[PDB]
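This report concerns only the one structure given below.
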Protein chains: 2
Amino acid sequence: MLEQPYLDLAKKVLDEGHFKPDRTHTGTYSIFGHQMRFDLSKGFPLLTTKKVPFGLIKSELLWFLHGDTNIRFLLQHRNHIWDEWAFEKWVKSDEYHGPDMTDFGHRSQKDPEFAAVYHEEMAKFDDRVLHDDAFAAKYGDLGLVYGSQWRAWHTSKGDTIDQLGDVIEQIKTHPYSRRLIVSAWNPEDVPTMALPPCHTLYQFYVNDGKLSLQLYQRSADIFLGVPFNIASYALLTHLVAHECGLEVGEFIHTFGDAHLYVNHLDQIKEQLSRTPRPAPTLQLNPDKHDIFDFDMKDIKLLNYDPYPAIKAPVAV
Amino acid sequence: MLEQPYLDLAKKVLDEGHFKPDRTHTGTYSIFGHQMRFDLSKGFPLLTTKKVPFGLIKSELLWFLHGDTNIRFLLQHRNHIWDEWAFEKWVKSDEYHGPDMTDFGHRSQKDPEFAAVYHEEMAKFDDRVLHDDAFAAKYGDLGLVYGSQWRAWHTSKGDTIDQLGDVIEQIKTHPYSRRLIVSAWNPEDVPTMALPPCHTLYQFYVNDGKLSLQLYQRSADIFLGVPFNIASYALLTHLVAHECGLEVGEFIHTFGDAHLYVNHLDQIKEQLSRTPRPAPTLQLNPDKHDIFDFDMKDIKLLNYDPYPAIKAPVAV
Ligand SMILES: O=c1ccn([C@@H]2C[C@H](O)[C@@H](COP(=O)(O)O)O2)c(=O)[nH]1
Ligand SMILES: O=c1ccn([C@@H]2C[C@H](O)[C@@H](COP(=O)(O)O)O2)c(=O)[nH]1
């Protein structure tokens, strides 16, 4: 059944995982070095044992393919995955005349009244990124985020490199290259980044007419994050393959520190008693070929029948 | 037996490998996505089924740990692995008043008299890098090579970052980081590099007092190159662990395109009939703790009993 590598990765951390402290005041069960492999010709590896919001994945990947780093687009697409990073920047600066708000995400966990104070402050900031252009330009732009690492890597000489654009031209003219790599890790910037990229690097490969992609993810949250992560990069492999007139082959997910937070152990156990169902089919618009101009309506997910969502706390 | 992941990787390419053309006018059997794992507490994974020159590995790693990019040090250590890249630069420029020499490495394969002409031209250039300081400074310095990617990553602001130095300080103060990464891939430079780094990135991990390291190697020559590659990074894991007062745990080798050249198939088959022998022991100098000042005499390889070397052509 296609999602079995995930169930086996999760069962495996459950049984071999060494406890490890981490960042958040919440510990983890961790393993280092793991690789799973998904044959994208048998289906689209969106999980059927819990509901994953495919709309969120889809608009986030498009924001990256457009080389965009401003939250105004995700918000227009009802997507709020990157909000708090933008919000954090608002609250550490000069027009933020407002309530106590530092340590806010953790505080919301065991929040006083504070949770609706944070959540209406947040709804303020967001409405404003949507409607005040100059605000959006200043507190809505996250800067160094996947869209710019992938499509506007800044050089020493003050210019910008479109890593991804170029690798697509390389797949087109030189399919057999072993240099079809894109990277989000920049030595210069990760010293003072909020979150250095978890999806550090990925490599493309063409053989027998099929395109495959291998991702190196330095760090992964098995429960909350990996279901999204598998789906963003399986989507990218379909998208780049379409654009190059290639067939899809495998997605290979390689892990550095794969971890399960200590407050997610019941929910993963919960999920591990579900039987997988047949995999959804991805359908891509036949008329459009430039993936940089794909649009939500051009990506169709067919026949997805998940088990109910499982809710779990974001550990901080 | 410790080297079994290699024998199984080679047997596996032999049986699943899809033929693929490549760069050199010599084809390959290739696989994409592979990970093997070596428990460095059971021995040092230098191969016993063929003789690997451990002195060469050892001086090459030291040249990188010194952040050096000039061939004068390797030559002083009788090591010539990087010669041709330096030589290639000599021959494409102005003082090279000498014979026909372009396409030289391939031509040597089916060389006329040319092989001793190349090999004495080469012995000229090398004696000169050794003795003429200004020559060494100009045609002996390769530039962008592991020593500088690791220890003097050039920033936009014209300065230099010692990625490796810093990750060792991070292992010392924050062992549980998931950001202990070093990278040799630079978007800016790989457009016009001779050879973009094969060993693209590696990640460190500390748990239960042991240090582990995972390497992402985009491209590998199973026969000639991977025996060296396993040994350079198993050496680095011992060396950084010593320097941090840590015990050694695993080396995990992740592959992008793993390939076997078509003119190495008898020799790998040849090797696959040898039985492995017990693994050598690495012994490191107890008095020295700063690995940046390690020296050949401080690294001891104990009890290595290889099978004879197997000679095979460098494919070009
Ligand atoms: O699958 C994913 C990928 C990323 N993150 C990350 C990585 C860690 O789980 C967390 C904190 O970042 P680091 O400490 O790992 O750098 O955010 C997830 O939550 N899930
Ligand atoms: O194990 C190793 C590592 C590197 N190289 C490389 C990579 C390819 O085998 C060859 C050419 O470089 P690329 O075309 O792969 O970039 O030199 C090897 O020969 N063996």
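In the structure tokens, chains take letters A, B, ... by order of appearance, with residues numbered from 1 within each chain and ligands from 1 in the order shown.
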
**Asked** Do you know which residues are within 6 Å of ligand 1 using only C-alpha atoms and all ligand atoms? Can you write them as a ChimeraX atom specification?
**Response** /A:23,195,198,219-221,225-226 /B:178-179

**Item:** Distance query stretch 141-154 of chain A at most 9 Å, only C-alpha atoms, self and fewer than 2 positions along chain excluded, as a ChimeraX atom specification
**Value:** /A:61,63-72,82,85-86,89,136-139,156-165,182-186,189,193,197,199 /B:156,187-188

Restricted to N, CA and C atoms, what would the selected residues look like written as a compact mmCIF listing (two decimals), in the first residue's frame?
```
# COMPACT_ATOMS: atom_id res chain seq x y z
N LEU A 61 3.18 25.38 -2.22
CA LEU A 61 4.14 25.06 -3.25
C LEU A 61 4.05 26.10 -4.32
N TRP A 63 3.35 29.27 -4.01
CA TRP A 63 3.99 30.49 -3.53
C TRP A 63 5.48 30.33 -3.77
N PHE A 64 6.06 29.14 -3.56
CA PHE A 64 7.49 28.89 -3.74
C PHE A 64 7.84 28.88 -5.20
N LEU A 65 7.03 28.30 -6.07
CA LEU A 65 7.31 28.25 -7.50
C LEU A 65 7.22 29.61 -8.13
N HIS A 66 6.51 30.56 -7.51
CA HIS A 66 6.44 31.92 -8.01
C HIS A 66 7.61 32.75 -7.50
N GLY A 67 8.49 32.18 -6.67
CA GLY A 67 9.64 32.84 -6.09
C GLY A 67 9.22 33.92 -5.11
N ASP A 68 7.97 33.82 -4.61
CA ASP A 68 7.39 34.82 -3.75
C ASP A 68 7.79 34.59 -2.31
N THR A 69 7.96 35.64 -1.51
CA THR A 69 8.24 35.48 -0.10
C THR A 69 7.29 36.30 0.76
N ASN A 70 6.21 36.78 0.19
CA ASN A 70 5.33 37.68 0.92
C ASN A 70 4.09 36.87 1.20
N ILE A 71 3.70 36.95 2.46
CA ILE A 71 2.54 36.29 3.00
C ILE A 71 1.21 36.77 2.42
N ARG A 72 1.12 37.96 1.82
CA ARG A 72 -0.12 38.36 1.21
C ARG A 72 -0.70 37.30 0.26
N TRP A 82 2.58 30.25 7.37
CA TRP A 82 3.73 31.09 7.66
C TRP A 82 3.49 32.38 8.44
N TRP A 85 5.61 33.76 11.61
CA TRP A 85 6.97 34.25 11.43
C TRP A 85 7.00 35.72 11.08
N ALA A 86 5.99 36.09 10.27
CA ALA A 86 5.73 37.46 9.87
C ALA A 86 5.27 38.31 11.06
N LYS A 89 7.78 39.32 13.63
CA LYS A 89 8.56 40.46 13.19
C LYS A 89 7.82 41.76 13.46
N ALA A 136 2.18 45.34 4.04
CA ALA A 136 2.46 44.06 3.41
C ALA A 136 3.91 44.05 2.99
N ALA A 137 4.39 45.12 2.37
CA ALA A 137 5.77 45.19 1.93
C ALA A 137 6.80 45.15 3.03
N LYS A 138 6.37 45.46 4.24
CA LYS A 138 7.28 45.61 5.36
C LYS A 138 7.19 44.51 6.41
N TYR A 139 6.01 44.08 6.82
CA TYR A 139 5.91 43.03 7.80
C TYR A 139 5.32 41.79 7.17
N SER A 156 27.34 37.01 -4.40
CA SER A 156 28.30 37.94 -3.79
C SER A 156 28.38 39.26 -4.52
N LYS A 157 28.02 39.16 -5.78
CA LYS A 157 28.16 40.28 -6.67
C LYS A 157 26.87 41.07 -6.74
N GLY A 158 26.01 40.88 -5.72
CA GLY A 158 24.71 41.52 -5.60
C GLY A 158 23.62 41.09 -6.59
N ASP A 159 23.72 39.96 -7.31
CA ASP A 159 22.72 39.59 -8.29
C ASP A 159 21.89 38.44 -7.71
N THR A 160 21.09 37.72 -8.50
CA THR A 160 20.16 36.73 -8.02
C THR A 160 20.18 35.53 -8.95
N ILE A 161 20.24 34.28 -8.46
CA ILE A 161 20.28 33.08 -9.26
C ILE A 161 18.98 32.31 -9.07
N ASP A 162 18.41 31.91 -10.20
CA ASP A 162 17.19 31.13 -10.21
C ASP A 162 17.56 29.65 -10.34
N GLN A 163 18.03 29.10 -9.21
CA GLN A 163 18.45 27.73 -9.17
C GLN A 163 17.44 26.84 -9.83
N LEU A 164 16.18 26.90 -9.38
CA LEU A 164 15.17 26.00 -9.94
C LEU A 164 14.92 26.17 -11.42
N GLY A 165 14.99 27.41 -11.93
CA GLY A 165 14.71 27.65 -13.32
C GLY A 165 15.74 26.94 -14.17
N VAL A 182 19.20 21.49 -6.27
CA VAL A 182 18.71 22.81 -5.86
C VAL A 182 19.03 22.87 -4.37
N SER A 183 19.41 24.00 -3.79
CA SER A 183 19.76 24.03 -2.40
C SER A 183 19.17 25.20 -1.66
N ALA A 184 18.71 24.99 -0.45
CA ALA A 184 18.21 26.09 0.33
C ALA A 184 19.22 26.40 1.42
N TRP A 185 20.34 25.70 1.56
CA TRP A 185 21.24 25.98 2.66
C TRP A 185 22.31 26.97 2.25
N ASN A 186 22.30 28.09 2.92
CA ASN A 186 23.28 29.10 2.64
C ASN A 186 24.08 29.37 3.91
N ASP A 189 23.63 32.86 5.78
CA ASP A 189 22.38 33.25 6.42
C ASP A 189 21.93 32.37 7.54
N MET A 193 19.23 32.94 11.26
CA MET A 193 17.92 32.68 10.78
C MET A 193 17.13 32.13 11.97
N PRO A 197 16.51 26.13 6.74
CA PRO A 197 15.64 25.26 6.02
C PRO A 197 15.76 23.84 6.50
N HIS A 199 14.18 21.48 4.66
CA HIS A 199 14.32 20.76 3.40
C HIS A 199 15.53 21.35 2.72
N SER B 156 28.88 37.31 0.76
CA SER B 156 28.54 38.41 -0.15
C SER B 156 29.25 39.70 0.19
N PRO B 187 25.47 27.66 -4.94
CA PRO B 187 24.75 28.07 -6.15
C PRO B 187 25.53 28.97 -7.08
N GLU B 188 26.29 29.88 -6.51
CA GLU B 188 27.04 30.83 -7.30
C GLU B 188 28.14 30.23 -8.15
```

**Prompt:** Do you know which residues are at most 9 Å from residue A:255 counting only C-alpha atoms, after dropping those on the same chain fewer than 3 positions away, and could you put them as a list in words?
**Reply:**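 Counting only the stated atoms, we get residues 31, 32, 33, 34, 35, 36, 215, 216, 217, 218, 219, 220 and 258 of chain A.
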
**Request:** Could you check which of B:278, B:191, B:245, B:140 is closest to chain A, using only C-alpha atoms?
**Result:**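 Among B:278, B:191, B:245, B:140, it is B:191 that comes nearest to chain A.
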
**Message:** Using only C-alpha atoms, which protein or nucleic acid residues come within 8 Å of residue A:180? Drop anything in the same chain fewer than 5 positions from it, and give the result as a PyMOL selection string.
**Reply:** chain A and resi 167+170-171+203-205

File of the preceding selection, N, CA and C atoms, as a short mmCIF file (atom, residue, chain, number, x, y, z; two decimals), in the first residue's frame:
```cif
data_model
loop_
_atom_site.label_atom_id
_atom_site.label_comp_id
_atom_site.auth_asym_id
_atom_site.auth_seq_id
_atom_site.Cartn_x
_atom_site.Cartn_y
_atom_site.Cartn_z
N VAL A 167 17.76 24.38 -13.25
CA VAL A 167 17.73 22.94 -13.20
C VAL A 167 16.64 22.46 -14.14
N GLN A 170 18.23 22.42 -17.41
CA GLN A 170 19.20 21.35 -17.44
C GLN A 170 18.51 20.02 -17.60
N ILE A 171 17.33 19.77 -17.00
CA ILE A 171 16.63 18.50 -17.17
C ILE A 171 16.24 18.41 -18.64
N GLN A 203 17.66 16.61 -5.17
CA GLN A 203 18.34 16.25 -6.38
C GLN A 203 17.41 15.53 -7.33
N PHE A 204 17.48 15.93 -8.58
CA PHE A 204 16.67 15.37 -9.64
C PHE A 204 17.45 14.31 -10.39
N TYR A 205 16.75 13.40 -11.07
CA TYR A 205 17.38 12.30 -11.79
C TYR A 205 16.47 11.85 -12.90
#
```

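Close contacts of residue A:18, defined as residues with an atom at most 9 Å away when counting only C-alpha atoms, with chain neighbours fewer than 4 positions off set aside, comprise residues 13, 28, 29, 30 and 31 of chain A; 207 and 208 of chain B.
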
Go ahead and dump the residues you just picked, N, CA, C and O atoms, as a short mmCIF file (atom, residue, chain, number, x, y, z; two decimals), in the first residue's frame.
```cif
data_model
loop_
_atom_site.label_atom_id
_atom_site.label_comp_id
_atom_site.auth_asym_id
_atom_site.auth_seq_id
_atom_site.Cartn_x
_atom_site.Cartn_y
_atom_site.Cartn_z
N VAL A 13 10.30 4.72 14.76
CA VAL A 13 10.76 5.66 15.77
C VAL A 13 10.18 5.24 17.09
O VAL A 13 10.92 5.25 18.06
N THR A 28 11.65 14.46 22.66
CA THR A 28 11.40 13.73 21.47
C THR A 28 11.95 12.31 21.53
O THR A 28 12.83 12.00 22.33
N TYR A 29 11.46 11.44 20.67
CA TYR A 29 12.01 10.12 20.40
C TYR A 29 12.71 10.31 19.06
O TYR A 29 12.04 10.73 18.10
N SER A 30 14.01 10.09 18.88
CA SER A 30 14.63 10.44 17.62
C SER A 30 15.40 9.35 16.97
O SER A 30 15.90 8.46 17.66
N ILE A 31 15.50 9.35 15.65
CA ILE A 31 16.42 8.46 14.97
C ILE A 31 17.22 9.33 14.01
O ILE A 31 16.74 10.39 13.62
N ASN B 207 24.04 11.82 20.28
CA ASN B 207 23.00 11.24 21.08
C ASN B 207 23.65 10.22 21.96
O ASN B 207 24.58 9.56 21.50
N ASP B 208 23.25 10.10 23.23
CA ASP B 208 23.79 9.13 24.19
C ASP B 208 25.31 9.10 24.18
O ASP B 208 25.95 8.06 24.25
#
```

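Between ligand 2 and the residues B:26, B:155, B:41, B:76, the shortest atom-to-atom distance, using only C-alpha atoms and all ligand atoms, involves B:26.
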
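Here the question is which of B:190, B:75, B:299, B:231 gets nearest to chain A using only C-alpha atoms, and that residue is B:190.
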
**Request:** Between atom CA of residue A:125 and atom CA of residue A:232, measure the distance and give it in Å to one decimal.
**Result:**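 Separating atom CA of residue A:125 from atom CA of residue A:232 is a distance of 27.1 Å.
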
**Message:** Please list as a PyMOL selection string every residue within 8 Å of residue B:248, counting only C-alpha atoms and excluding residues in the same chain fewer than 3 positions away.
**Reply:** chain B and resi 40-41+210-212+237-238+241

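Minimum atom-to-atom distance to ligand 2, evaluated using only C-alpha atoms and all ligand atoms, belongs to B:200 out of B:200, B:108, B:173, B:283.
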
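Interatomic distance, atom CA of residue B:307 to atom CA of residue B:42: 19.9 Å.
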
**Request:** Using only C-alpha atoms and all ligand atoms, find the one residue out of A:97, A:269, A:51, A:174 that sits nearest to ligand 2.
**Result:**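 Nearest to ligand 2: A:174.
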
**Message:** DSSP on the backbone: which residues in stretch 146-234 of chain A end up as alpha helix (DSSP H)? Give the answer as a list in words.
**Reply:**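 Assigned to alpha helix (DSSP H), within stretch 146-234 of chain A: residues 146, 147, 148, 149, 150, 151, 163, 164, 165, 166, 167, 168, 169, 170, 171, 172, 173, 226, 227, 228, 229, 230, 231, 232, 233 and 234 of chain A.
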
Emit the selected residues as an mmCIF file, in the first residue's frame, including N, CA and C atoms.
```cif
data_model
loop_
_atom_site.group_PDB
_atom_site.id
_atom_site.type_symbol
_atom_site.label_atom_id
_atom_site.label_comp_id
_atom_site.auth_asym_id
_atom_site.auth_seq_id
_atom_site.Cartn_x
_atom_site.Cartn_y
_atom_site.Cartn_z
ATOM 1 N N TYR A 146 11.785 29.605 1.196
ATOM 2 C CA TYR A 146 11.986 28.740 0.064
ATOM 3 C C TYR A 146 11.855 29.419 -1.297
ATOM 4 N N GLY A 147 10.928 30.347 -1.505
ATOM 5 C CA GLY A 147 10.761 30.953 -2.819
ATOM 6 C C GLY A 147 11.994 31.706 -3.314
ATOM 7 N N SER A 148 12.669 32.367 -2.396
ATOM 8 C CA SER A 148 13.860 33.060 -2.772
ATOM 9 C C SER A 148 15.082 32.128 -2.767
ATOM 10 N N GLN A 149 15.228 31.121 -1.885
ATOM 11 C CA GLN A 149 16.382 30.234 -1.946
ATOM 12 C C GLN A 149 16.354 29.467 -3.269
ATOM 13 N N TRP A 150 15.138 29.058 -3.641
ATOM 14 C CA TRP A 150 14.978 28.313 -4.856
ATOM 15 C C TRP A 150 15.076 29.220 -6.051
ATOM 16 N N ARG A 151 14.406 30.377 -6.042
ATOM 17 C CA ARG A 151 14.406 31.172 -7.268
ATOM 18 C C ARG A 151 15.158 32.496 -7.325
ATOM 19 N N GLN A 163 18.035 29.104 -9.210
ATOM 20 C CA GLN A 163 18.451 27.728 -9.169
ATOM 21 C C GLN A 163 17.439 26.840 -9.827
ATOM 22 N N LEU A 164 16.178 26.905 -9.383
ATOM 23 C CA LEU A 164 15.175 25.999 -9.938
ATOM 24 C C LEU A 164 14.921 26.171 -11.423
ATOM 25 N N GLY A 165 14.988 27.411 -11.925
ATOM 26 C CA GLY A 165 14.711 27.648 -13.322
ATOM 27 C C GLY A 165 15.737 26.937 -14.166
ATOM 28 N N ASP A 166 16.958 27.098 -13.691
ATOM 29 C CA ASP A 166 18.070 26.535 -14.393
ATOM 30 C C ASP A 166 18.085 25.021 -14.371
ATOM 31 N N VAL A 167 17.763 24.385 -13.254
ATOM 32 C CA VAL A 167 17.733 22.940 -13.204
ATOM 33 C C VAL A 167 16.638 22.458 -14.137
ATOM 34 N N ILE A 168 15.536 23.184 -14.327
ATOM 35 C CA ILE A 168 14.576 22.694 -15.304
ATOM 36 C C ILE A 168 15.152 22.792 -16.703
ATOM 37 N N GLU A 169 15.939 23.799 -17.026
ATOM 38 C CA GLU A 169 16.510 23.857 -18.350
ATOM 39 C C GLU A 169 17.534 22.741 -18.501
ATOM 40 N N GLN A 170 18.231 22.419 -17.414
ATOM 41 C CA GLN A 170 19.203 21.348 -17.439
ATOM 42 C C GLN A 170 18.507 20.019 -17.601
ATOM 43 N N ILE A 171 17.330 19.770 -16.997
ATOM 44 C CA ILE A 171 16.626 18.503 -17.174
ATOM 45 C C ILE A 171 16.237 18.411 -18.640
ATOM 46 N N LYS A 172 15.818 19.516 -19.246
ATOM 47 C CA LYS A 172 15.444 19.528 -20.651
ATOM 48 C C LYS A 172 16.580 19.251 -21.638
ATOM 49 N N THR A 173 17.776 19.824 -21.449
ATOM 50 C CA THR A 173 18.862 19.645 -22.392
ATOM 51 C C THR A 173 19.838 18.532 -22.031
ATOM 52 N N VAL A 226 5.895 15.533 8.592
ATOM 53 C CA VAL A 226 6.190 14.687 7.456
ATOM 54 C C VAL A 226 4.982 14.429 6.559
ATOM 55 N N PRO A 227 3.690 14.332 6.948
ATOM 56 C CA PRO A 227 2.590 14.122 5.985
ATOM 57 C C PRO A 227 2.506 15.226 4.943
ATOM 58 N N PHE A 228 2.761 16.470 5.337
ATOM 59 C CA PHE A 228 2.814 17.594 4.427
ATOM 60 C C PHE A 228 4.045 17.489 3.520
ATOM 61 N N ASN A 229 5.227 17.348 4.141
ATOM 62 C CA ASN A 229 6.485 17.234 3.430
ATOM 63 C C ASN A 229 6.487 16.217 2.315
ATOM 64 N N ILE A 230 5.917 15.021 2.497
ATOM 65 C CA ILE A 230 5.860 14.010 1.438
ATOM 66 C C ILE A 230 5.036 14.522 0.277
ATOM 67 N N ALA A 231 3.925 15.173 0.599
ATOM 68 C CA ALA A 231 3.014 15.671 -0.403
ATOM 69 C C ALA A 231 3.602 16.890 -1.069
ATOM 70 N N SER A 232 4.375 17.800 -0.458
ATOM 71 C CA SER A 232 4.850 18.937 -1.214
ATOM 72 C C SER A 232 5.812 18.433 -2.248
ATOM 73 N N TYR A 233 6.746 17.548 -1.902
ATOM 74 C CA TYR A 233 7.710 17.141 -2.892
ATOM 75 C C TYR A 233 7.197 16.101 -3.852
ATOM 76 N N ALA A 234 6.209 15.271 -3.515
ATOM 77 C CA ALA A 234 5.664 14.430 -4.567
ATOM 78 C C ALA A 234 4.976 15.384 -5.584
#
```
